[PDB]
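Heads up: the structure comes next, in structure tokens.
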Amino acid sequence: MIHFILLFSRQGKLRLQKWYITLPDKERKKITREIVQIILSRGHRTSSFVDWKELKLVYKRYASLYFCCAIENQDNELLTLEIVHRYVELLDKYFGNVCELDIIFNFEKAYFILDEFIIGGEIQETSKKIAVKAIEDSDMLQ
Amino acid sequence: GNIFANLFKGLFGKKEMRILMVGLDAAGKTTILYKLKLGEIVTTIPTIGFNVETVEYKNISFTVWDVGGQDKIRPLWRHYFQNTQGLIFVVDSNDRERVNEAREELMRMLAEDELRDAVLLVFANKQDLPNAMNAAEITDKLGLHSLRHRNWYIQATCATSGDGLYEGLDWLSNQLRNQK
Amino acid sequence: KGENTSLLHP
Amino acid sequence: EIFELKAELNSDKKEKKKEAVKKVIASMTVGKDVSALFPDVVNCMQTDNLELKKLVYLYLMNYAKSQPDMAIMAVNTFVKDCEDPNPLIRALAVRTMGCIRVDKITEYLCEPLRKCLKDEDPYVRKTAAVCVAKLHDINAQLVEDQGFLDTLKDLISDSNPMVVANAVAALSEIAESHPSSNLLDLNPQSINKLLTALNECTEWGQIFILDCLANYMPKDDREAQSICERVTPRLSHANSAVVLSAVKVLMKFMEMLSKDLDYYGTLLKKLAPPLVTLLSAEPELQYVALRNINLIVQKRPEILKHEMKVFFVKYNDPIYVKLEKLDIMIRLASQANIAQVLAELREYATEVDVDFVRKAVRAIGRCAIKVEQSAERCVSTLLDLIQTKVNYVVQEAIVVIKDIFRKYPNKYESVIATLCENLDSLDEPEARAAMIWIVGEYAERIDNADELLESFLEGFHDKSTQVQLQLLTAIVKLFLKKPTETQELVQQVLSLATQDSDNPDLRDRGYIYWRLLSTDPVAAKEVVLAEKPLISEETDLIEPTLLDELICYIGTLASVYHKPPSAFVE
Amino acid sequence: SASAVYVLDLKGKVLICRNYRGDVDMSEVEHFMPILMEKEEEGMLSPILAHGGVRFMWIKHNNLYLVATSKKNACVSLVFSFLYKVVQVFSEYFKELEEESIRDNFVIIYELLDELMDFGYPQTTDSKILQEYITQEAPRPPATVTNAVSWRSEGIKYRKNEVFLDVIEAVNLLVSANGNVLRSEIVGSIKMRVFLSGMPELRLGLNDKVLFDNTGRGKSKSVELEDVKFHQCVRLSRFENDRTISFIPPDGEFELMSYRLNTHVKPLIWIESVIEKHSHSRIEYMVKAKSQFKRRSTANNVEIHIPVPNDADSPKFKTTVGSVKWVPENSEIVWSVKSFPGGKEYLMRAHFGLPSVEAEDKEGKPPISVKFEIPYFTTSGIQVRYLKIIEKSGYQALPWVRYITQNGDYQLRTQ
Amino acid sequence: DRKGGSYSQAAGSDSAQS
Amino acid sequence: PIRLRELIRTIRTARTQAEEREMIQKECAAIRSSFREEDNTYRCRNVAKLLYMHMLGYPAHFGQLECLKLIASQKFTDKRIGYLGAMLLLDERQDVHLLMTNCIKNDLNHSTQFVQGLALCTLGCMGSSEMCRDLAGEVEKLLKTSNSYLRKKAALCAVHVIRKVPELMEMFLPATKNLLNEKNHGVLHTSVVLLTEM
Ligand SMILES: Nc1nc2c(ncn2[C@@H]2O[C@H](COP(=O)(O)OP(=O)(O)OP(=O)(O)O)[C@@H](O)[C@H]2O)c(=O)[nH]1
Ligand SMILES: [Mg+2]
């Protein structure tokens, strides 16, 4: 299960965050700052995998804004990367050429999509079109 | 400034008002709220959280926020004390051992300096068994007359029948509204 | 800028 | 881009040359590596307009170490410009020549420096004096061979007070790197001459003129009295550094002054208003002023004895100033202002800064330890803070109480009952250990000492080494004092620390305690529960040798850090 | 002994750098930002940084921090003074201190930086004097820099000889939460805008307590200034001899003298504030302000900042006189009063809501600050006696001066 | 006029002190 | 009722940290004033602004009762905003999620497939040791349904409850029996994950 998922920009600003572990607000902020410092202080050939606090912190940014995950040491690492790529593709398809500007303004839509896709750190739908159709149906309700 | 729109709205009815629903669990609060809103005796599971509804009568929208009587929810009544204009207390005369607990809870809720303009509204619930007391014995036991600067009103309502709801609503309207 | 660019460019 | 810029710079039109120079300057300032075009800009150097010459000189200075080989094509231009009628051009050329970090270029620049050393223009003289110091820093051997020391020495004894101050500063910088051999010190006549131009020196020249006296060592009171009288007007300088320099000079001269004469008293009285004025400077200068006060406080604390109100930290004061204010108050704390210090500490305990709260607690503890006349007030304040129900405040109060008990525990038995139930659930190692030590040493006014130690023995084997040692010491003390209610407790502690305890020091202590218990329990009362001597408090005053050296180094980096100048430079 | 004077930005970018000694590599500026971030994030942030063997001591300006790297045991006070002089020169030349002028005034900025300091030792710091040799829109340097008088350019001629003075008072009062005043310091400020012809030698004369005692008139109203700091034009020797303030005023506005003495008088404003904050239910602000100042004086623009609750919302104000506004950006009640007659008494009754949910962390108790500014009021009683304007040519000067009383560090500790 | 107190002319020296 | 886009643009227009903090405080003052008035029309914009401020690093302690009120609301946008607020600023250590059990139970039997799904997702994301105790009965009822879009949600809720309450796994054995024939990939994946967790 994904302990936490955070979408942060290269400048350090966070555009998305979703933690599945109940932690204190100050503790969560400190953990986020440490993760940003580690990711911001890492090269391009770090393998996109970090063992922070015994957690497989995987960093894979396809643009200026990066993505982060917190996977326990009980599953494969490539599965997290595949899930992140699938989520990015689904977000791009739902939005249509998703850029950084739409992420800040359309954070609610991204949060709803993430909730409908991943619940409790685990995946909810393996397909990519069924989730898009469900999100569209939910949005069309008004 | 001009208050022509306010006068026009008040000519046909503009005031709505609010209301609160507090009391011990299994005190007929949910059933009373259902009867006031719909008019049927609906059986529901114990109120883990709270129920929010509104009642339209006499051109006044009486919004009622039911609050459970759970032990873990007893100290949670302070959340509804903000932006609260009314308060209705439902007694449980069928629980002699719980009468003292209900009186203590009412006294604790009445010991708040923020909830001072909310007049007392005592509802005699469970008015269907012979063991239920009158409308004065319960008040005498609870000492409702000793509430200085508090307007209390005791009304007996039967959950199965619904008698006395109209009188209580009229009394609440008269206490809240001071016009013709 | 670098923000208006698509995440994947697809 | 680069080709277009090179073509523009290699044109015969000045209107395009100026634009190209501006673009090159902007690119270098914008963070563009334009060092590859250094030879191209070398041709466009000899220009009549001074606007492009300054930019070319700046580019060469910034691109001198990068391309030292390409810089060999500028000596002729500098030589030609070192004789222009305009003083500004000559000064700029002199400044640029000394700024070139080329080992093969300073050798040929000795002649222009010698020519400009005796220049009539004061600006040219100042530029030459600065260039001499720059060359000496770059190459001391070349400067010594050129014989610029004699010219520099005669600079102080000439007109142009700005040029004299610049020459004095250059000589001081050269002597700073010099090995003290052939010092440029002067007799009282030179000091009097420098003081004569001090009243006409500028704000920057005032510091240069006052720094020279920092190295001179007076030998007579009359000379010291005259120096003090001349430096007295320096306390009315608007510049903060000038006032600080005058204060440092007065402090240095006071080492030869006699306290019997009235000059020392006048100097002491006239220095407090200067300190008060310096305390109202900018927030950045607040830290420097506090460091200077702390350094001079340990030397002559009788000057600022009555200055206590100015040591209060302001609401908008910075954290670095707030921290120094507490240290200043602690250093100047006395029984006369004990109530004021306690009130200030009490107000400082209602803030939100955890570091500030800890500093305030430490200052209160230090003040209580230093003065025993306010011990009761400090104890009452600590009890109130503990009752305040603050985790950091509670830990600080526990630490303060533990420190006070070891220092003045004769009348500390009246607070043991209050501390018996004071939220012992805190897991701070600095507070739990202090509470355990207080309970063990003060296990007389509490009848439930054994019961309290039961809760702390659940995780004694995995709490901490210091915490485990403190708990073992408290248990041993309780067994020695009251063995009826702690007979099994001592055995359990010995079993847990001797069998299940793998700590080397802890295991040795447990074995020693078990051996003492099994050898002579009666002797343990006189061996373990003995009257320890007076605890020697760690004095905060610096060593007298370091203070004397720190006195001369006033306003420098060695004074803010309170470290010797050779222990921080690299 | 600064090695390189550089100017950074809010994003860590070095807007402009000016190496002075060259003993420190220019690449050390990169670690300054991470070092500052670490110091600030751990409470160890200080204006004087240290990158190994190189120290980066600098102050924060309006838009950028002027950090100056150094390696030797240089005078930190000298570096701070140089930075202050540079900031003053920039303010005199550029009306604003922001990044818009750093990238637009580089042509003159580089020349000013080169001329101001050479090898880490500044030589010229007067903006008025420096404006005659470095311009953004070059002749020989003026003789004023070479001459002893570096703060009064010769040859200045004006149609009239009018000098406007400003006796600005700063009332700083530190009242503890118990109701007693701890720190009550009043700092005088005599600022004059000298505009005359030639190089007059002003001879300022006032009713000083020391001067009155020396002359034998130590019986009238005399100001007993604990600290008197004259400007650069004021001669230290003349003031040290017989309290003679003789100096040449500069051309423009400048600070000549700054008195500073403690005050033992009652506050001009007495504030009686109460806080009837119910536990997460409501709060009351029984604030009563009593003007202890003279009735003939009016405090123009009275601004008594009352720190209200940070999470307070839906507030109601029941005051008597003056506009009371709560600023969410500042999170306090701004007791704004336009004109306050002396002896006036303003009573306020605050009433604001409070959420049921308690705050996660404490916020502290900010002090109540009054922003009273009553002109034509001299609390210290110091009055200007004479101003000897002497010129070689000979002219009839028309000096002017005004007394303005304002609230300085007039903060009142909360309960 | 001017906020902060009207400007007032100053004397030349202490005429009563010679 | 300021729009979320306007607030985002205003925040992006702030450069200095102090200026950004002042703008955030100015917006939060209006948000608290609107909340204290019991606003119900444009509450979505205020909720979005409060969520942005909390994510931007501003406190949101006062905005706890408003989320609870919006959760028990009837508007779909208001319900979604309340669910998002509960998922973001609501946790086990908040101590205010106990009252959310009644709202979840009320929304658990809602005929709408989105409100029930949103409530289930919120419960799974913010599951508590006591909320699952009073919500285990309703989870099993939805676990035996044939809703393909709801089967995965029920499996995720059961997995979250089992993780929070390992002693409640005995009540899930008779519900997951004979569930390996699901044609949908999501339902099969959820069943496999639940079996692996068990
Ligand atoms: N048969 C009968 N039962 C009643 C009557 N009045 C009260 N009750 C009991 O009171 C309970 C009322 O529950 P609800 O009305 O659903 O809600 P509530 O009063 O708030 O009780 P909780 O949900 O436990 O907090 C019912 O379960 C009944 O058992 C009545 O007149 N007739
Ligand atoms: Mg109910």
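All residue names refer to the structure tokens as shown: chains lettered A, B, ... in order, residues numbered from 1 in each chain, ligands numbered from 1 in order.
Backbone DSSP of stretch 12-68 of chain A yields strand (DSSP E or B) at residues 14, 15, 16, 17, 18, 19, 50, 51, 52, 55, 56, 57, 58, 59, 66, 67 and 68 of chain A.
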Write a file of the selected residues as a compact mmCIF listing (two decimals), in the first residue's frame, keeping C-alpha atoms.
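Result file is selection.txt:
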# COMPACT_ATOMS: atom_id res chain seq x y z
CA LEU A 14 3.70 21.13 -3.54
CA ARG A 15 0.80 20.90 -5.98
CA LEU A 16 -0.70 17.66 -4.62
CA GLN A 17 -0.44 15.54 -1.48
CA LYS A 18 -2.23 12.38 -0.30
CA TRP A 19 -0.95 10.51 2.76
CA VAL A 50 14.96 6.17 -2.02
CA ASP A 51 14.76 4.19 1.23
CA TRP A 52 13.67 7.00 3.57
CA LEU A 55 10.05 3.42 3.07
CA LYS A 56 10.65 2.96 -0.66
CA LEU A 57 10.31 6.64 -1.54
CA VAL A 58 10.11 6.60 -5.35
CA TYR A 59 10.59 9.86 -7.26
CA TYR A 66 7.82 15.68 -9.76
CA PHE A 67 5.86 12.88 -8.10
CA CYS A 68 6.55 10.98 -4.90
Next item on the list: Could you tell me, counting only C-alpha atoms and all ligand atoms, which protein and nucleic acid residues lie no more than 6 Å from ligand 2, written as a ChimeraX atom specification?
Entry: /B:29-30,47
Next, write the just-selected residues to a file, as an mmCIF file, in the first residue's frame, keeping N, CA, C and O atoms as the atom set.
data_model
loop_
_atom_site.group_PDB
_atom_site.id
_atom_site.type_symbol
_atom_site.label_atom_id
_atom_site.label_comp_id
_atom_site.auth_asym_id
_atom_site.auth_seq_id
_atom_site.Cartn_x
_atom_site.Cartn_y
_atom_site.Cartn_z
ATOM 1 N N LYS B 29 -35.722 11.358 20.548
ATOM 2 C CA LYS B 29 -35.327 12.548 19.800
ATOM 3 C C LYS B 29 -35.434 12.327 18.296
ATOM 4 O O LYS B 29 -35.988 13.168 17.580
ATOM 5 N N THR B 30 -34.906 11.206 17.798
ATOM 6 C CA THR B 30 -34.998 10.919 16.370
ATOM 7 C C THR B 30 -36.445 10.709 15.940
ATOM 8 O O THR B 30 -36.869 11.209 14.891
ATOM 9 N N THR B 47 -28.212 7.029 17.232
ATOM 10 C CA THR B 47 -27.565 8.145 16.546
ATOM 11 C C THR B 47 -26.103 8.213 16.969
ATOM 12 O O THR B 47 -25.769 8.779 18.012
#
Next item on the list: Using only C-alpha atoms, determine which residues lie at most 12 Å from residue B:123, disregarding the query and same-chain residues fewer than 2 positions distant; provide the list as an NGL selection string.
Entry: :B and (21-23 or 27-29 or 32 or 87-93 or 120-121 or 125-127 or 134-136 or 138-139 or 152-159 or 162-165 or 167-169 or 171-172)
Item checked: alpha helix (DSSP H) call set, DSSP backbone run, stretch 15-45 of chain B, as a count of residues only -> 9
Write out as a PDB file with N, CA and C atoms, in the first residue's frame each polymer residue whose atoms come within 10 Å of residue G:184, counting only C-alpha atoms; drop sequence neighbours fewer than 6 positions from it.
ATOM      1  N   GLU A 125      -8.987   0.624  -9.498  1.00  0.00           N
ATOM      2  CA  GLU A 125      -9.376   0.196 -10.837  1.00  0.00           C
ATOM      3  C   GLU A 125      -8.116   0.008 -11.667  1.00  0.00           C
ATOM      4  N   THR A 126      -7.947  -1.190 -12.232  1.00  0.00           N
ATOM      5  CA  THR A 126      -6.780  -1.466 -13.063  1.00  0.00           C
ATOM      6  C   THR A 126      -6.887  -0.827 -14.442  1.00  0.00           C
ATOM      7  N   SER A 127      -8.092  -0.753 -15.000  1.00  0.00           N
ATOM      8  CA  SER A 127      -8.281  -0.166 -16.315  1.00  0.00           C
ATOM      9  C   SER A 127      -8.147   1.354 -16.246  1.00  0.00           C
TER      10      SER A 127
ATOM     11  N   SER G 148     -20.479  -3.827  -9.610  1.00  0.00           N
ATOM     12  CA  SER G 148     -19.090  -3.910 -10.049  1.00  0.00           C
ATOM     13  C   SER G 148     -18.307  -2.669  -9.641  1.00  0.00           C
ATOM     14  N   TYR G 149     -18.902  -1.486  -9.811  1.00  0.00           N
ATOM     15  CA  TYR G 149     -18.250  -0.259  -9.372  1.00  0.00           C
ATOM     16  C   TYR G 149     -18.171  -0.160  -7.856  1.00  0.00           C
ATOM     17  N   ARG G 151     -18.046  -3.114  -5.829  1.00  0.00           N
ATOM     18  CA  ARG G 151     -17.333  -4.265  -5.282  1.00  0.00           C
ATOM     19  C   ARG G 151     -15.904  -3.901  -4.899  1.00  0.00           C
ATOM     20  N   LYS G 152     -15.213  -3.147  -5.758  1.00  0.00           N
ATOM     21  CA  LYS G 152     -13.850  -2.731  -5.445  1.00  0.00           C
ATOM     22  C   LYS G 152     -13.818  -1.819  -4.226  1.00  0.00           C
TER      23      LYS G 152
END
Spatial neighbours of residue C:4, 9 Å, only C-alpha atoms, chain gap at least 4 places, as a PDB file with C-alpha atoms, in the first residue's frame:
ATOM      1  CA  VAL A  98      -2.357  18.654 -18.472  1.00  0.00           C
ATOM      2  CA  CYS A  99       0.137  21.380 -17.553  1.00  0.00           C
ATOM      3  CA  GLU A 100       1.348  22.835 -14.262  1.00  0.00           C
ATOM      4  CA  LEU A 101      -1.061  25.785 -14.430  1.00  0.00           C
ATOM      5  CA  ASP A 102      -4.159  23.568 -14.499  1.00  0.00           C
TER       6      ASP A 102
END
Next item on the list: Might you pull out every residue within 12 Å of residue E:363, with only C-alpha atoms counted and same-chain residues fewer than 6 positions away left off, and present them as a ChimeraX atom specification?
Entry: /D:350-353 /E:307-311,331 /G:59
Export of the given selection (N, CA, C and O atoms) as a CSV table (one decimal), in the first residue's frame:
chain,number,residue,atom,x,y,z
D,350,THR,N,6.5,33.5,29.0
D,350,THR,CA,5.2,33.5,28.3
D,350,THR,C,5.2,33.5,26.8
D,350,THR,O,4.2,33.6,26.2
D,351,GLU,N,6.4,33.5,26.2
D,351,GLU,CA,6.5,33.5,24.8
D,351,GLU,C,6.3,32.1,24.2
D,351,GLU,O,5.9,31.2,24.9
D,352,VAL,N,6.6,32.0,22.9
D,352,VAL,CA,6.4,30.7,22.2
D,352,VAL,C,7.7,30.2,21.7
D,352,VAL,O,7.7,29.0,21.2
D,353,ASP,N,8.9,30.9,21.8
D,353,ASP,CA,10.1,30.4,21.3
D,353,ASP,C,10.7,29.3,22.2
D,353,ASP,O,11.0,29.6,23.4
E,307,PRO,N,-3.9,44.1,20.0
E,307,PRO,CA,-3.8,42.8,19.4
E,307,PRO,C,-5.0,41.9,19.8
E,307,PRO,O,-5.2,41.5,20.9
E,308,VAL,N,-5.9,41.7,18.8
E,308,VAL,CA,-7.1,40.9,19.0
E,308,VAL,C,-6.8,39.4,18.8
E,308,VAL,O,-5.6,39.1,18.5
E,309,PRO,N,-7.7,38.5,19.0
E,309,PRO,CA,-7.4,37.1,18.8
E,309,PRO,C,-7.1,36.8,17.4
E,309,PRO,O,-7.6,37.4,16.4
E,310,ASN,N,-6.1,35.9,17.2
E,310,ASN,CA,-5.7,35.5,15.8
E,310,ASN,C,-6.9,34.8,15.0
E,310,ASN,O,-7.1,35.1,13.8
E,311,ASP,N,-7.7,34.0,15.7
E,311,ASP,CA,-8.8,33.3,15.1
E,311,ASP,C,-10.1,33.9,15.3
E,311,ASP,O,-11.1,33.3,15.0
E,331,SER,N,-4.0,41.1,12.3
E,331,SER,CA,-4.7,40.3,13.3
E,331,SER,C,-4.7,41.1,14.7
E,331,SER,O,-4.2,40.7,15.7
G,59,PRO,N,-3.1,27.5,9.2
G,59,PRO,CA,-3.9,26.6,10.1
G,59,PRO,C,-5.4,26.6,9.6
G,59,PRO,O,-5.9,27.6,9.0
Item checked: chain D contacts on chain E, only C-alpha atoms, 7 Å, as number ranges by chain -> E: 16, 46-47, 53, 59, 72-78, 81, 118-119, 122-123, 138, 140-141, 146-148, 182-183, 226-232, 236-237, 240, 362-364
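Take atom CA of residue G:116 and atom CA of residue A:137: the distance between them is 14.4 Å.
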Next item on the list: Would you list the contacts of stretch 344-359 of chain E as a ChimeraX atom specification, taking every protein, DNA or RNA residue within 7 Å and counting only C-alpha atoms, but skipping same-chain residues closer than 2 positions in sequence?
Entry: /B:78-79 /E:280-291,311-321,340-342,361 /G:61-62
Just write the chosen residues, C-alpha atoms, as a compact mmCIF listing (two decimals), in the first residue's frame.
# COMPACT_ATOMS: atom_id res chain seq x y z
CA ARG B 78 -20.35 22.57 22.56
CA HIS B 79 -19.77 22.43 18.79
CA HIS E 280 -14.01 29.39 23.30
CA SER E 281 -17.33 31.28 23.56
CA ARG E 282 -16.78 35.06 23.39
CA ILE E 283 -14.37 37.82 24.39
CA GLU E 284 -14.63 41.36 25.74
CA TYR E 285 -12.22 44.26 25.17
CA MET E 286 -12.79 46.89 27.87
CA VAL E 287 -10.12 49.25 26.54
CA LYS E 288 -10.02 52.75 28.04
CA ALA E 289 -7.42 55.25 26.80
CA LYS E 290 -6.75 58.32 28.96
CA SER E 291 -4.61 61.15 27.56
CA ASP E 311 -8.76 33.25 15.07
CA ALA E 312 -11.38 35.81 16.13
CA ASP E 313 -14.16 36.33 13.60
CA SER E 314 -17.49 38.15 13.42
CA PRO E 315 -16.39 41.00 15.72
CA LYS E 316 -18.43 43.91 17.02
CA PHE E 317 -16.91 47.16 18.29
CA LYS E 318 -18.48 49.40 20.96
CA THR E 319 -16.15 52.40 21.24
CA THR E 320 -16.54 56.10 22.04
CA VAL E 321 -14.27 58.17 19.76
CA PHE E 340 -7.00 63.40 20.13
CA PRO E 341 -7.33 66.50 22.33
CA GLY E 342 -5.11 66.42 25.39
CA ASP E 361 -0.34 25.78 19.06
CA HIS G 61 -8.50 24.26 13.02
CA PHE G 62 -11.60 26.47 13.03
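Atom CA of residue D:301 is positioned 14.6 Å from atom CA of residue D:255.
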